[PDB]
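> here are the coordinates; sequence isn't available:
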């Protein structure tokens, strides 16, 4: 039971938290990357004004 | 020991790491898309500016 | 007289405002969508009732594999001896 | 020119409606940011809901494990079917 726990110990102490922090930062990036997309949408909003005259 | 292996084997044969690999793809897809709507926007308006 | 120019600009201000509104409507609706897809991470009963039923279909498939088939073990032996017509 | 004033009166009606909505949306942008980070902190504080992750993850894996074995079945089923199709009668009778 201990070894099954040890495999889990390894996972939980060294893998899950790194994967979790990596996930965290990478989700911050996909949150924030969707938001960066929203920044290019703002670039489109600028375009949208130029196109009024167009 | 058995109840635990029955469920732990699920991971062995399929987790967080996969979500992470997807994220490792995804942000560069979003980065490609941002570029292609940022630098490409610059192209759209270098052309629109010249045209207007 | 010049009121036409007032109005033209005024309507343009409105429509521009609408475009901007729609822009933000989407910043918000997109940001909604951005959070809504995160709410996904942040009923055990079904989890056990399928997983276990999906788990069971697989166990069944493992036995379908025995009939559909493990017979190739024998059938390949037949592939060796049946061509003894040659 | 008379009718223009009426149109101007109408024009400025929203204008008011829209700006009220724009204020709302500006706040909503903040609120969404205010839902999202937030989650950033939740991710900084706890074990990112790993249990649900593995359970959802597994749901699809099982559905895919099924597709793989179904593939294995169509393969074996036909490899064997066809071998029997020929082999039981390869000499026909000899």
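Ah, there it is. Numbers count the residues shown, from 1 in each chain, chains lettered A, B, ... in the order given.
> From here on, just use CA atoms for contacts and neighbour counts.
Fine.
> What's the first helix or strand after the helix ranked longest in chain C?
Using DSSP state H to define each element, chain C has its longest helix at helix C:3-36. Beyond helix C:3-36 in the direction of the C-terminus, DSSP states H and E gives the next helix or strand as helix C:44-48.
> Other residues contacting stretch A:28-45?
Here stretch A:28-45 makes contact (CA atoms under 8 Å, 6 or more residues apart in numbering or on different chains) with B:23, B:26-27, B:30-31, B:33-34, B:37-38, B:41, C:20, C:23, C:27, C:31, C:34-35, D:36, D:40.
> Just confirm yes or no for the longest helix of chain C near chain D.
Yes. Applying CA under 8 Å from any CA of the partner chain, one finds helix C:3-36 in contact with chain D at C:3-4, C:6-7, C:10-11, C:14, C:17-18, C:21, C:24-25, C:27-28, C:31-32, C:35.
> so which of those are also by chain B?
Near chain B, judged by CA under 8 Å from any CA, there are no entries from these.
> Can you turn the buried part of these into a PyMOL selection?
The PyMOL command for the buried members of the residues of helix C:3-36 next to chain D (criterion: 16 or more other CA atoms under 10 Å in any protein chain shown) is given here:
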select buried, chain C and resi 3+7+10+11+14+17+18+21+24+25+27+28+31+32+35
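> Give me the residue at the spatial middle of chain C.
Residue closest to the average C-alpha location in chain C (CA atoms, centre = their mean): residue C:37, at 12.3 Å.
> Contact partners for residue A:24?
Residue A:24 touches D:40, D:43, D:44, counting by CA under 8 Å, 6+ apart.
> helix or strand for it, which one?
Applying DSSP H and E, one finds residue A:24 within helix A:16-53.
> cool, residue A:3 as well?
helix A:2-10.
> and the angle from that helix to helix B:2-12?
40 degrees (axes from the mean of the first three to the mean of the last three CA atoms, to 10 degrees).
> who touches helix A:2-10?
With contact meaning CA under 8 Å, 6+ apart, helix A:2-10 is reached by B:1, B:4, B:5.
> so how far is chain C from the second one?
Pointing back at residue B:4 there. Look at residue B:4 and chain C: by CA to the nearest CA, to the nearest Å, they are 15 Å apart.
> again, but for the first one
When distances are taken as CA to the nearest CA, residue B:1 and chain C turn out to be 19 Å apart.
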